[PDB]
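A.B. asks: kindly return the folded structure for what I paste below:
(chains A and B)
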Amino acid sequence: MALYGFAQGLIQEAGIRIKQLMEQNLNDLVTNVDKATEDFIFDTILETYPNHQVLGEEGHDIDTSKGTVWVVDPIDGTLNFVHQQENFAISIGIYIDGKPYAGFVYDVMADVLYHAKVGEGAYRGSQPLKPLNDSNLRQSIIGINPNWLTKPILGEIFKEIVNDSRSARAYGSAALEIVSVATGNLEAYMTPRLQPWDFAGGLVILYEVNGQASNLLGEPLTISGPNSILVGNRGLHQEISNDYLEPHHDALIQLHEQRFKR
Amino acid sequence: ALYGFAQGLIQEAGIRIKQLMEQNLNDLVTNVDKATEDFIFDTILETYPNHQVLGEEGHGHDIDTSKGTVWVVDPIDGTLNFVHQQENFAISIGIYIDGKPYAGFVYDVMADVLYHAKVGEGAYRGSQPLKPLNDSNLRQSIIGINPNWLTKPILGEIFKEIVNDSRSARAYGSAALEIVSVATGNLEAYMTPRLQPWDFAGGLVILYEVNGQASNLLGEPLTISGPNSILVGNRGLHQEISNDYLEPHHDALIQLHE
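C.D. replies: Numbering: from 1, shown residues only, chains lettered A, B, ... in the order given. Next up is the structure itself:
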């Protein structure tokens, strides 16, 4: 539990430093807080575990299958931060020899840390989260940014799933949206593009409550590269993938290759 | 005093919803909505016999909302959020005198935050005053709009271009709290093609008191006489969205509106 405990305190303490920076200043603050927060997180890890690797948003050619890897987003939801001064998270996923060990998403402005060690359950603070139950799409609320319904091809494909869902939401922080699936606040969430540091922490929490995650082609998520994202309770993950994205697989493959190849 | 009375009243309504959720441990939302509206209605009339109540649960259907003092109330704004999230829903109460705003109240029940305003006297988050809004450019603005409206044949095109130019979009699923979100600065604009009076009435007073503006999609003023489309924002991007993006589609909107 040692490294887990170190991560937990570190992320909370980095949250306190984010609020201190916001106080002093009472689109340039967010860049500055983003760098401050990653340099603190990087330096504290390096001081204590000198051989650990850090895959970070702020930039810190890394083979994520070898040794211990911290994948960090200092501020996930930067626009939320700039415009609302809340609804943004620090996110930390920790992986050992390519394999998930622990995940953390810290809602800095509510002081709520979501966290999970692989195998040991998922938590909101000191309260355990319950396993997820299956839903049908017809009774589910889903997370999806309205901007994706405007895009060529992607638009038409996401329209049907929006149409069948009961309703749709979008909160602007991917790590917090994936946690909203883990807590049952959304039955599913999707986006065509996310960096590893936006899903790594959230994914560990999701998996402890029996949720599932894939990309839009049903392929597993890994921290080796950016990807599209579909997460949900088992049941309706399989309905969205099987009945709504499957009939459009070739078009999704083409989008995927255009976005990610090379 | 009428203002203070409504403040105490909306909070007690919330305590009772919290009680019915607590005791229950999708028929819940239906019964809860009824008991809250009946509580609100019985408490208004018992102190103010001569007032009326235009209610989501069905009190005052077709009353003529221009005569006298009129309480326009939604007990659970965001019924889907209530069912699925047990949070992100609000009680909304607008008080209108002679067809004109007097006061507004939206109570985020699970966060225990009351947003309130009396015409001419400022808007509040509990006891903290809310700052007046500044102008934003559309390209630097976050807008609130549900993805669903982008699926519809004529609407989807009418909103497309405004989603594209805007910096990003969000959707919370409670119109009363989305309007309040425009009044607090968490959103720069919010829009939808259909909303009942009980879902905007309380929110509009809060907004007007921080200098935001509100109209329908055709730039016409909103009233409590019936359903309408909605566009709220700070002044500059209200004007940017209406003038520049909505105005070209007036004839299609005129048609949708009837």
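
A.B. asks: please point out which parts of stretch A:3-16 sit buried.
C.D. replies: Across stretch A:3-16, burial judged by 16 or more other Cβ atoms under 10 Å in any protein chain shown covers A:3, A:4, A:7, A:8, A:10, A:11, A:14, A:15. Just so you know, the C-beta spots here come from the backbone N, C-alpha and C atoms, and that holds for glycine as well.

A.B. asks: with stretch A:224-235 instead?
C.D. replies: Buried-residue list, stretch A:224-235, by 16+ other Cβ under 10 Å: A:227, A:228, A:229, A:230, A:231, A:232, A:233, A:235.

A.B. asks: ditto for stretch A:142-149
C.D. replies: A:142, A:143, A:144, A:145, A:146, A:147, A:148, A:149.

A.B. asks: got the contact list for the closest residue to the fifth one other than its chain neighbours?
C.D. replies: In other words, residue A:146. Leaving aside its chain neighbours, residue A:146 sits nearest to residue B:169 (4.0 Å; criterion: Cβ to Cβ, 6 or more residues apart in numbering or on different chains). Counting by Cβ atoms under 8 Å, 6 or more residues apart in numbering or on different chains, residue B:169 makes contact with A:145, A:146, A:147, A:170, B:142, B:143, B:144, B:145, B:163.

A.B. asks: secondary structure for the buried residues of stretch A:142-149 - can I get that in JSON lines?
C.D. replies: Shown next, in JSON lines, are these (DSSP: H, G, I helix; E, B strand; the rest coil):
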{"residue": "A:142", "secondary structure": "strand"}
{"residue": "A:143", "secondary structure": "strand"}
{"residue": "A:144", "secondary structure": "coil"}
{"residue": "A:145", "secondary structure": "coil"}
{"residue": "A:146", "secondary structure": "helix"}
{"residue": "A:147", "secondary structure": "helix"}
{"residue": "A:148", "secondary structure": "helix"}
{"residue": "A:149", "secondary structure": "helix"}
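
A.B. asks: ok, which pair from these is furthest apart?
C.D. replies: A:142 and A:147 (14.9 Å; Cβ to Cβ).

A.B. asks: returning to that earlier point: tell me which of the buried residues of stretch A:224-235 fall in helices.
C.D. replies: residue A:235 (DSSP state H).

A.B. asks: go through the buried residues of stretch A:224-235 and name the one nearest chain B.
C.D. replies: Proximity of the buried residues of stretch A:224-235 to chain B (Cβ to the nearest Cβ) peaks at residue A:233, which lies at 11.8 Å.

A.B. asks: quick check on that closest one: phi, psi?
C.D. replies: phi -70, psi 150 (degrees, to the nearest 10).

A.B. asks: coming back round to it: and the two most separated of the buried residues of stretch A:3-16?
C.D. replies: It's A:3 and A:15 that sit farthest apart of the buried residues of stretch A:3-16, by Cβ to Cβ, at 19.0 Å.

A.B. asks: picking that back up, taking the contacts of residue B:169, tell me the two that lie furthest apart.
C.D. replies: Using Cβ to Cβ, the two most remote members of the contacts of residue B:169 are A:147 and B:144, lying 13.0 Å apart.

A.B. asks: need the helices for the stretch 101-250 of chain A, in chain order.
C.D. replies: A:154-164, A:174-183, A:196-208, A:234-239, A:249-260 (DSSP state H, counting those that start in this stretch).

A.B. asks: how is chain A partitioned into domains?
C.D. replies: A:1-129, A:130-262 (curated CATH domains).

A.B. asks: residue A:173 and chain B, how far apart?
C.D. replies: 10 Å (Cβ to the nearest Cβ, to the nearest Å).

A.B. asks: re earlier: and of the buried residues of stretch A:3-16, the nearest to chain B?
C.D. replies: Nearest member of those to chain B, counting by Cβ to the nearest Cβ, is residue A:15, at 19.9 Å.

A.B. asks: tell me the angle of the helix or strand the closest one falls within relative to helix A:196-208?
C.D. replies: If you go by DSSP states H and E, residue A:15 is part of helix A:2-24. If you take axes from the mean of the first three to the mean of the last three Cα atoms, to 10 degrees, helix A:2-24 sits at 130 degrees to helix A:196-208.

A.B. asks: so what's the gap between helix A:2-24 and the chain middle?
C.D. replies: For helix A:2-24, the separation from the chain centroid amounts to 18 Å (computed by Cα atoms, centre = their mean, to the nearest Å).

A.B. asks: tell me which helix or strand comes right after it.
C.D. replies: helix A:29-48.

A.B. asks: then that following helix to CSV, C-alphas only?
C.D. replies: Output of helix A:29-48 as CSV, limited to C-alpha atoms (Å, rounded to 0.1, in the frame of the first residue of the first chain):
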residue,chain,number,x,y,z
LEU,A,29,-3.2,31.5,-15.4
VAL,A,30,-4.2,28.0,-16.5
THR,A,31,-0.9,27.5,-18.5
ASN,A,32,1.0,28.7,-15.4
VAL,A,33,-0.9,26.5,-12.9
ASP,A,34,-0.7,23.6,-15.3
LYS,A,35,3.2,23.8,-15.4
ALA,A,36,3.4,24.5,-11.7
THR,A,37,1.2,21.4,-10.9
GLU,A,38,3.1,19.0,-13.2
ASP,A,39,6.6,20.2,-12.1
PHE,A,40,5.5,19.6,-8.4
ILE,A,41,4.1,16.2,-9.3
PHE,A,42,7.1,15.2,-11.4
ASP,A,43,9.7,16.4,-8.8
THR,A,44,8.1,14.8,-5.9
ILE,A,45,7.8,11.4,-7.7
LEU,A,46,11.5,11.7,-8.9
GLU,A,47,12.9,12.6,-5.4
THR,A,48,11.2,9.6,-3.9
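
A.B. asks: please compute how far it lies from its chain's middle.
C.D. replies: With Cα atoms, centre = their mean, you get 19 Å for helix A:29-48.

A.B. asks: paired strands for the helix or strand just after it, with orientation please.
C.D. replies: Sequence-wise, the next helix or strand downstream of helix A:29-48 (DSSP H and E) is strand A:53-56. Note on strand A:53-56: by DSSP bridges, its sheet partners are strand A:68-76 (parallel).

A.B. asks: please save the CA atoms from the helix or strand following the partner strand in PDB.
C.D. replies: Next helix or strand after strand A:68-76 toward the C-terminus (DSSP H and E): helix A:78-84. Output of helix A:78-84 as PDB, limited to C-alpha atoms (Å, rounded to 0.1, in the frame of the first residue of the first chain):
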ATOM      1  CA  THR A  78      -8.800  23.400 -18.600                       C
ATOM      2  CA  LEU A  79     -11.700  25.300 -20.200                       C
ATOM      3  CA  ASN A  80     -13.800  24.500 -17.000                       C
ATOM      4  CA  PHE A  81     -10.900  25.900 -15.000                       C
ATOM      5  CA  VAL A  82     -10.600  29.100 -17.200                       C
ATOM      6  CA  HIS A  83     -14.400  29.800 -17.400                       C
ATOM      7  CA  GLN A  84     -16.000  28.300 -14.300                       C
END
